[PDB]
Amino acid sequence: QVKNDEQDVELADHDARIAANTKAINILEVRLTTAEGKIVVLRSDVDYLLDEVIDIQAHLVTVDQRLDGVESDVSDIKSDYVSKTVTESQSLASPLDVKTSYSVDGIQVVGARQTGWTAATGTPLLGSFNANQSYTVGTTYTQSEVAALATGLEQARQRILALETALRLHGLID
């Protein structure tokens, strides 16, 4: 009989210990369930971040491409453009047209083509021209002396023609 109370005592002990284990298991289960939930949310956030960074890194590739493009175009303009402050002569590969005038050193040297001219006719003299030729004129009429005047006048008129033709070919006059 009292061998049996000793069995009753241990059964009660086991019962308390089993109940304690059950309670401990339940506490662990809930903690784990809570932890599992947080892992899912962490996974959701991290998957979001991974997708974001992929998008960010792709965007940065585009940004680098756009920067390279604009740096290249700026570089091209820098080497190709006519500057207002550069002192060394600048050359265009094209003709040039402007409004109303061309100036040198703040002073107009060339304006619009001047019209109203009738073009002179004849053969232009581009050859030797002696402007200091003195023409002898005697007390008496000498055909050769007046003929020298005639020759000299014709030379002058053909030189005028040469000058006029030069301006017309340039476009300074009509």
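Numbering starts at 1 and runs along the sequence shown.
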Practice task
Could you settle it for me: does 162 to 170 or 146 to 154 have the higher average Cα B factor in the PDB entry?
Solution key: 146 to 154
Exercise for the section: Check the entry's C-alpha temperature factors for 39 to 47 and 137 to 145, then say which stretch has the higher mean. Expected result: 137 to 145
Problem - C-alpha B-factor winner, where the candidates are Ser94, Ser101, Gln90, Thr85 - result: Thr85
Practice task
Compare the CA B factors listed in the entry for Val109, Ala119, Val70, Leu28 and report the winner.
Solution key: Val70
Handout entry: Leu11 - Cα temperature factor, lowest/middle/highest third of chain
Key = highest
Practice task
Give the position of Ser128 by CA B-factor within its chain, expressed as the lowest, middle or highest third.
Solution key: lowest
Handout entry: Assigned third (lowest, middle, highest) for the C-alpha B factor of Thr115
Key = highest
